[PDB]
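File shown: my_file_39.txt (compact mmCIF, C-alpha atoms and all ligand atoms).
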# COMPACT_ATOMS: atom_id res chain seq x y z
CA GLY A 313 17.18 3.94 293.24
CA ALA A 314 17.02 5.92 290.02
CA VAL A 315 18.48 9.04 288.48
CA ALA A 316 16.26 11.17 286.29
CA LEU A 317 16.56 14.41 284.34
CA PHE A 318 14.20 17.36 284.59
CA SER A 319 14.65 19.87 281.78
CA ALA A 320 14.75 23.57 282.63
CA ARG A 321 11.62 25.08 281.05
CA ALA A 322 13.61 28.10 279.87
CA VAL A 330 19.85 22.88 281.10
CA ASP A 331 19.07 19.48 282.70
CA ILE A 332 18.73 18.96 286.44
CA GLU A 333 19.62 15.42 287.51
CA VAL A 334 17.83 14.12 290.60
CA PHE A 335 18.41 10.96 292.61
CA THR A 336 15.31 9.24 293.97
CA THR A 337 14.59 5.98 295.78
CA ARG A 338 10.92 6.30 294.66
CA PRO A 339 10.89 6.76 290.88
CA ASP A 340 7.38 5.22 290.95
CA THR A 341 6.13 8.55 292.42
CA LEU A 342 7.28 10.72 289.49
CA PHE A 343 3.72 11.85 288.57
CA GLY A 344 3.51 13.29 292.11
CA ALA A 345 6.68 15.39 291.88
CA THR A 346 5.38 18.94 292.21
CA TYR A 347 8.64 20.88 292.69
CA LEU A 348 12.42 20.44 292.62
CA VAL A 349 14.86 21.28 295.38
CA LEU A 350 18.58 21.86 294.87
CA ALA A 351 21.25 22.15 297.55
CA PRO A 352 21.98 25.86 298.15
CA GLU A 353 25.52 25.31 296.82
CA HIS A 354 24.42 23.35 293.71
CA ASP A 355 26.40 24.50 290.63
CA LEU A 356 23.28 25.08 288.48
CA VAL A 357 21.57 27.45 290.93
CA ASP A 358 23.22 30.62 289.63
CA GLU A 359 22.39 29.50 286.03
CA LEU A 360 18.72 28.89 286.85
CA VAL A 361 18.07 32.05 288.91
CA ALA A 362 15.57 34.34 287.13
CA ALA A 363 16.20 38.09 286.73
CA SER A 364 12.85 38.97 288.34
CA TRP A 365 10.04 37.33 290.32
CA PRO A 366 7.11 36.10 288.23
CA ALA A 367 3.90 38.06 288.67
CA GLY A 368 1.81 36.82 291.60
CA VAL A 369 4.65 35.01 293.39
CA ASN A 370 3.83 33.80 296.91
CA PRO A 371 5.78 36.09 299.33
CA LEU A 372 6.73 33.01 301.39
CA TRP A 373 8.83 31.89 298.43
CA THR A 374 11.00 35.01 298.05
CA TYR A 375 12.91 35.17 301.38
CA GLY A 376 11.98 38.88 301.44
CA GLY A 377 14.36 39.53 298.54
CA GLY A 378 13.55 42.07 295.81
CA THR A 379 14.89 39.75 293.13
CA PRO A 380 15.70 36.05 293.03
CA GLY A 381 19.43 36.76 292.95
CA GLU A 382 19.26 38.92 296.06
CA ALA A 383 17.13 36.30 297.85
CA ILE A 384 19.53 33.45 297.01
CA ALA A 385 22.55 35.46 298.17
CA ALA A 386 20.71 36.30 301.41
CA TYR A 387 19.70 32.66 301.98
CA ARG A 388 23.30 31.50 301.51
CA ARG A 389 24.54 34.19 303.92
CA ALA A 390 21.86 33.43 306.53
CA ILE A 391 22.30 29.66 306.63
CA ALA A 392 26.01 30.26 307.30
CA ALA A 393 24.83 31.60 310.72
CA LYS A 394 23.24 28.23 311.57
CA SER A 395 25.05 25.83 313.89
CA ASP A 396 25.04 22.04 314.26
CA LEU A 397 22.08 22.57 316.60
CA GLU A 398 19.89 24.01 313.83
CA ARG A 399 21.06 21.54 311.15
CA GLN A 400 20.06 18.63 313.42
CA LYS A 405 11.92 23.78 306.51
CA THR A 406 13.20 26.95 304.83
CA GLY A 407 14.11 27.73 301.24
CA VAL A 408 13.88 30.12 298.31
CA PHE A 409 12.25 29.93 294.86
CA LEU A 410 14.73 30.47 292.02
CA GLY A 411 12.06 32.23 289.93
CA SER A 412 12.25 29.48 287.31
CA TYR A 413 10.64 26.16 286.41
CA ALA A 414 11.63 22.69 285.29
CA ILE A 415 9.52 20.22 283.33
CA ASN A 416 8.42 17.00 284.98
CA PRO A 417 9.28 14.38 282.38
CA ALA A 418 6.35 12.09 283.30
CA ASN A 419 3.49 14.58 282.87
CA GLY A 420 5.21 17.39 280.98
CA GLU A 421 4.07 19.87 283.65
CA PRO A 422 6.14 22.81 284.84
CA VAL A 423 7.31 22.58 288.44
CA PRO A 424 8.98 25.37 290.43
CA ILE A 425 12.66 25.07 291.38
CA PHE A 426 13.83 25.91 294.92
CA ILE A 427 16.98 25.76 296.96
CA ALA A 428 16.63 24.56 300.54
CA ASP A 429 19.18 23.56 303.13
CA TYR A 430 17.33 20.24 303.77
CA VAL A 431 19.00 19.11 300.52
CA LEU A 432 22.71 18.33 300.95
CA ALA A 433 25.19 19.40 298.24
CA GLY A 434 27.57 16.43 298.35
CA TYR A 435 25.02 13.60 298.47
CA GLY A 436 23.32 11.88 295.51
CA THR A 437 23.25 14.50 292.75
CA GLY A 438 22.69 17.39 295.18
CA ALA A 439 19.13 17.71 293.90
CA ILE A 440 15.81 16.02 294.60
CA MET A 441 12.37 15.76 293.10
CA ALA A 442 9.92 16.68 295.84
CA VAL A 443 6.90 14.41 296.27
CA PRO A 444 4.96 15.84 299.22
CA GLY A 445 2.34 13.11 299.03
CA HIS A 446 4.87 10.39 299.88
CA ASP A 447 7.94 11.89 301.54
CA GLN A 448 7.25 13.57 304.88
CA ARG A 449 10.18 15.98 304.45
CA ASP A 450 8.60 17.21 301.21
CA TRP A 451 5.12 17.20 302.80
CA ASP A 452 6.38 19.50 305.55
CA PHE A 453 8.05 21.88 303.07
CA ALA A 454 5.00 21.92 300.81
CA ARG A 455 2.70 22.74 303.73
CA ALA A 456 5.02 25.57 304.86
CA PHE A 457 5.25 27.06 301.33
CA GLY A 458 1.79 26.31 299.93
CA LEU A 459 3.02 23.93 297.23
CA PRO A 460 0.78 21.29 295.63
CA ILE A 461 0.46 17.91 297.39
CA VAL A 462 -0.59 15.11 295.04
CA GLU A 463 -1.43 11.50 295.83
CA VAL A 464 0.07 8.92 293.48
CA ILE A 465 0.21 5.91 295.85
CA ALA A 466 -3.18 4.88 297.29
CA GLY A 467 -3.01 3.51 300.82
CA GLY A 468 -2.87 6.48 303.19
CA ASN A 469 -4.35 9.91 303.75
CA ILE A 470 -2.21 12.68 302.31
CA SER A 471 -4.33 15.36 304.00
CA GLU A 472 -2.87 14.25 307.35
CA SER A 473 0.65 13.05 306.50
CA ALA A 474 2.83 11.70 303.71
CA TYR A 475 1.98 8.10 302.87
CA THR A 476 5.33 6.27 302.73
CA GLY A 477 4.21 2.64 302.37
CA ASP A 478 3.30 0.22 299.61
CA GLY A 479 0.11 0.63 297.62
CA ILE A 480 -1.51 1.04 294.25
CA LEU A 481 -0.64 3.72 291.70
CA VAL A 482 -3.18 6.47 291.03
CA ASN A 483 -3.09 9.74 289.06
CA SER A 484 -0.11 8.27 287.16
CA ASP A 485 -1.38 7.45 283.64
CA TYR A 486 0.33 4.23 282.36
CA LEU A 487 1.35 3.28 285.92
CA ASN A 488 -2.23 3.29 287.26
CA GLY A 489 -3.22 0.13 289.14
CA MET A 490 0.35 -1.12 289.55
CA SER A 491 1.98 -2.01 292.83
CA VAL A 492 4.93 0.10 293.92
CA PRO A 493 7.59 -2.47 292.82
CA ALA A 494 5.90 -2.89 289.41
CA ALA A 495 5.60 0.88 288.96
CA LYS A 496 9.30 1.37 289.80
CA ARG A 497 10.23 -1.03 287.00
CA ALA A 498 7.72 0.46 284.54
CA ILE A 499 8.83 4.06 285.06
CA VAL A 500 12.53 3.19 284.77
CA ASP A 501 11.72 1.42 281.49
CA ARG A 502 9.98 4.59 280.32
CA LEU A 503 12.88 6.79 281.46
CA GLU A 504 15.37 4.58 279.63
CA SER A 505 13.30 4.50 276.44
CA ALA A 506 13.25 8.33 276.47
CA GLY A 507 16.95 8.56 277.41
CA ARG A 508 16.11 10.57 280.54
CA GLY A 509 17.05 8.27 283.42
CA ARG A 510 18.55 5.07 284.80
CA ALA A 511 18.09 2.63 287.64
CA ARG A 512 20.93 2.98 290.18
CA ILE A 513 22.02 1.13 293.38
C1 LIG B 1 14.98 8.04 302.10
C2 LIG B 1 13.57 8.17 301.61
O1 LIG B 1 13.55 8.84 300.34
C3 LIG B 1 12.39 9.10 299.69
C4 LIG B 1 11.15 8.63 300.18
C5 LIG B 1 9.96 8.88 299.53
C6 LIG B 1 9.99 9.60 298.35
CL1 LIG B 1 8.48 9.89 297.46
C7 LIG B 1 11.21 10.00 297.87
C8 LIG B 1 12.41 9.83 298.51
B1 LIG B 1 13.53 10.41 297.66
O2 LIG B 1 14.16 11.60 298.22
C9 LIG B 1 15.56 11.67 297.94
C10 LIG B 1 15.93 10.23 297.70
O3 LIG B 1 14.69 9.63 297.34
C11 LIG B 1 16.42 9.75 299.07
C12 LIG B 1 17.78 9.05 299.09
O4 LIG B 1 17.97 8.65 300.44
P1 LIG B 1 18.99 7.45 300.77
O5 LIG B 1 19.15 7.52 302.27
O6 LIG B 1 20.17 7.83 299.95
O7 LIG B 1 18.28 6.21 300.28
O8 LIG B 1 16.55 10.91 299.90
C13 LIG B 1 16.37 12.10 299.14
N1 LIG B 1 17.66 12.70 298.69
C14 LIG B 1 18.38 12.40 297.60
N2 LIG B 1 19.47 13.20 297.51
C15 LIG B 1 19.42 14.01 298.60
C16 LIG B 1 20.24 15.05 299.05
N3 LIG B 1 21.37 15.40 298.40
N4 LIG B 1 19.87 15.67 300.19
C17 LIG B 1 18.76 15.33 300.86
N5 LIG B 1 17.95 14.35 300.45
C18 LIG B 1 18.28 13.69 299.32
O9 LIG B 1 12.92 10.78 296.41
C19 LIG B 1 11.56 10.89 296.77
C20 LIG B 1 10.88 12.21 296.67
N6 LIG B 1 11.54 12.96 297.75
What does the file become when written as structure tokens?
Amino acid sequence: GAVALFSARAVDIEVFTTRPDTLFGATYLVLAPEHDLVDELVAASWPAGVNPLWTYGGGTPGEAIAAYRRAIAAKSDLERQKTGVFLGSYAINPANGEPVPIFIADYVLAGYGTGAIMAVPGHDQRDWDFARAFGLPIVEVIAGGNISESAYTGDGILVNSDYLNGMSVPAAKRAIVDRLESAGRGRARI
């Protein structure tokens, strides 16, 4: 595994990933609904042109987050066995320097890992499903499959990943951790 920091564009969000090699394909972040940084990161207003699917029908991000927390409390074990809300704010992907939107979603569990994930819809089917439901970008960074039909979860060759390009998955995992450590923004972890 690895832990990595994503800076708030406007605070650091630590994610745990078993696929640090896919960092150039991380197109959004997802925090557990109960994550301690959520209230900090919530924007006062929706950005202009926000996708209505992202707002939970709330007039402001704060109202939407409060409603999401209240609603998911009405779920049972049956439901818990993809929904979410945009916080109105962005983090910076440390690999490509690009802004990525921050969500909460109940598919991310508060007391596991760091309680936050980087979402890589190209290569994690859970993220693929969420991205399709919300209209988020799906980017291929591991050649081998067909991301238009499903997440590609296997081994392959790095693409669209700058200094990782051409590497195998195991080689790319080592390279990106090296880069994270040189920048002081992540670590390999068991
Ligand atoms: C299992 C396959 O995981 C994959 C597979 C492919 C890819 Cl590209 C990735 C991941 B992985 O998603 C995180 C983390 O890595 C992985 C940790 O799962 P393991 O059971 O602890 O090994 O699950 C996810 N995870 C970490 N903390 C979590 C939490 N609190 N709640 C829900 N899921 C969490 O990162 C990427 C981008 N999503």
Given a cut-off of 7 Å, what residues near ligand LIG 1 (chain B) show up using all atoms listed in the file, put as a PDB file with C-alpha atoms, in the coordinates of the input?
ATOM      1  CA  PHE A 335      18.410  10.960 292.610  1.00  0.00           C
ATOM      2  CA  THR A 336      15.310   9.240 293.970  1.00  0.00           C
ATOM      3  CA  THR A 337      14.590   5.980 295.780  1.00  0.00           C
ATOM      4  CA  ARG A 338      10.920   6.300 294.660  1.00  0.00           C
ATOM      5  CA  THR A 341       6.130   8.550 292.420  1.00  0.00           C
ATOM      6  CA  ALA A 351      21.250  22.150 297.550  1.00  0.00           C
ATOM      7  CA  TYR A 430      17.330  20.240 303.770  1.00  0.00           C
ATOM      8  CA  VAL A 431      19.000  19.110 300.520  1.00  0.00           C
ATOM      9  CA  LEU A 432      22.710  18.330 300.950  1.00  0.00           C
ATOM     10  CA  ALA A 433      25.190  19.400 298.240  1.00  0.00           C
ATOM     11  CA  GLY A 434      27.570  16.430 298.350  1.00  0.00           C
ATOM     12  CA  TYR A 435      25.020  13.600 298.470  1.00  0.00           C
ATOM     13  CA  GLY A 436      23.320  11.880 295.510  1.00  0.00           C
ATOM     14  CA  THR A 437      23.250  14.500 292.750  1.00  0.00           C
ATOM     15  CA  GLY A 438      22.690  17.390 295.180  1.00  0.00           C
ATOM     16  CA  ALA A 439      19.130  17.710 293.900  1.00  0.00           C
ATOM     17  CA  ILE A 440      15.810  16.020 294.600  1.00  0.00           C
ATOM     18  CA  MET A 441      12.370  15.760 293.100  1.00  0.00           C
ATOM     19  CA  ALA A 442       9.920  16.680 295.840  1.00  0.00           C
ATOM     20  CA  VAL A 443       6.900  14.410 296.270  1.00  0.00           C
ATOM     21  CA  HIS A 446       4.870  10.390 299.880  1.00  0.00           C
ATOM     22  CA  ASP A 447       7.940  11.890 301.540  1.00  0.00           C
ATOM     23  CA  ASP A 450       8.600  17.210 301.210  1.00  0.00           C
ATOM     24  CA  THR A 476       5.330   6.270 302.730  1.00  0.00           C
TER      25      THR A 476
END
| task | Rank A:452, A:382, A:421, A:396 by their smallest atom-to-atom distance to residue 320 in chain A, using all atoms listed in the file, and report the top residue only. | result |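 Closest candidate: A:421.
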Open item on the list: Using only C-alpha atoms, can you tell me which of A:511, A:390, A:427, A:490 comes closest to residue 353 in chain A?
Closed with: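 Looking only at the distances to residue 353 in chain A, the closest residue turns out to be A:427.
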**Study point:** CA of residue 473 in chain A to CA of residue 495 in chain A, distance in Å rounded to a single decimal
**Key:**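 So the two atoms, CA of residue 473 in chain A and CA of residue 495 in chain A, lie 21.9 Å apart.
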May I ask for the distance between CA of residue 361 in chain A and CA of residue 333 in chain A, given in Å to one decimal place?
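We find that CA of residue 361 in chain A and CA of residue 333 in chain A lie 16.8 Å from each other.
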Excluding residue 466 in chain A and residues on its chain fewer than 3 positions from it, collect all residues at most 8 Å away from it, counting all atoms listed in the file, and give them as a PDB file with C-alpha atoms, in the coordinates of the input.
ATOM      1  CA  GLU A 463      -1.430  11.500 295.830  1.00  0.00           C
ATOM      2  CA  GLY A 479       0.110   0.630 297.620  1.00  0.00           C
ATOM      3  CA  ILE A 480      -1.510   1.040 294.250  1.00  0.00           C
ATOM      4  CA  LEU A 481      -0.640   3.720 291.700  1.00  0.00           C
ATOM      5  CA  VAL A 482      -3.180   6.470 291.030  1.00  0.00           C
TER       6      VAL A 482
END
Across A:411, A:354, A:395, A:347, the smallest distance to residue 379 in chain A, with only C-alpha atoms counted, is shown by A:411
From the list A:394, A:508, A:455, A:399, the nearest residue to residue 418 in chain A using all atoms listed in the file is A:508
For this session: Go through A:342, A:356, A:317, A:513 and flag the residue nearest residue 419 in chain A, using only C-alpha atoms for the distances.
Result: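 The shortest atom-to-atom distance to residue 419 in chain A comes from A:342.
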query = Restricting the calculation to only C-alpha atoms, which member of A:444, A:367, A:417, A:377 is positioned closest to residue 469 in chain A?
reply =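 Looking only at the distances to residue 469 in chain A, the closest residue turns out to be A:444.
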Distance in Å - CA of residue 456 in chain A versus CA of residue 428 in chain A:
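If I compute the distance from CA of residue 456 in chain A to CA of residue 428 in chain A, I get 12.4 Å.
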For range 457-459 of chain A, work out the shell of residues within 10 Å, counting all atoms listed in the file and skipping chain neighbours fewer than 4 positions away, then give it as an MDAnalysis selection string.
-> chainID A and resid 346:347 370:373 405:409 423:424 444 450:453
Within 12 Å of residue 386 in chain A using all atoms listed in the file, minus same-chain residues under 2 positions, as a PDB file with C-alpha atoms, in the coordinates of the input:
ATOM      1  CA  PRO A 352      21.980  25.860 298.150  1.00  0.00           C
ATOM      2  CA  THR A 374      11.000  35.010 298.050  1.00  0.00           C
ATOM      3  CA  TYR A 375      12.910  35.170 301.380  1.00  0.00           C
ATOM      4  CA  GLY A 376      11.980  38.880 301.440  1.00  0.00           C
ATOM      5  CA  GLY A 377      14.360  39.530 298.540  1.00  0.00           C
ATOM      6  CA  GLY A 378      13.550  42.070 295.810  1.00  0.00           C
ATOM      7  CA  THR A 379      14.890  39.750 293.130  1.00  0.00           C
ATOM      8  CA  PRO A 380      15.700  36.050 293.030  1.00  0.00           C
ATOM      9  CA  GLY A 381      19.430  36.760 292.950  1.00  0.00           C
ATOM     10  CA  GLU A 382      19.260  38.920 296.060  1.00  0.00           C
ATOM     11  CA  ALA A 383      17.130  36.300 297.850  1.00  0.00           C
ATOM     12  CA  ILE A 384      19.530  33.450 297.010  1.00  0.00           C
ATOM     13  CA  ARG A 388      23.300  31.500 301.510  1.00  0.00           C
ATOM     14  CA  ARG A 389      24.540  34.190 303.920  1.00  0.00           C
ATOM     15  CA  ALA A 390      21.860  33.430 306.530  1.00  0.00           C
ATOM     16  CA  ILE A 391      22.300  29.660 306.630  1.00  0.00           C
ATOM     17  CA  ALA A 392      26.010  30.260 307.300  1.00  0.00           C
ATOM     18  CA  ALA A 393      24.830  31.600 310.720  1.00  0.00           C
ATOM     19  CA  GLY A 407      14.110  27.730 301.240  1.00  0.00           C
ATOM     20  CA  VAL A 408      13.880  30.120 298.310  1.00  0.00           C
TER      21      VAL A 408
END
Show me, as a list in words, the residues that have an atom within 12 Å of residue 501 in chain A when counting all atoms listed in the file, minus same-chain residues fewer than 4 positions from it.
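Neighbouring residues, sequence-local ones excluded: residues 314, 316, 339, 340, 486, 487, 494, 495, 496, 497, 505, 506, 507, 508, 509, 510 and 511 of chain A.
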Using 5 Å of padding on each side, determine the axis-aligned box around all atoms of range 313-330 of chain A present in the file and give its centre and edge lengths in Å to one decimal, as AutoDock Vina command-line options.
--center_x 15.7 --center_y 16.0 --center_z 286.6 --size_x 18.2 --size_y 34.2 --size_z 23.4
Check: Which residues come within 9 Å of residue 477 in chain A, counting only C-alpha atoms, excluding same-chain residues fewer than 5 positions away, as an MDAnalysis selection string?
Finding: chainID A and resid 446 465 467:468 492
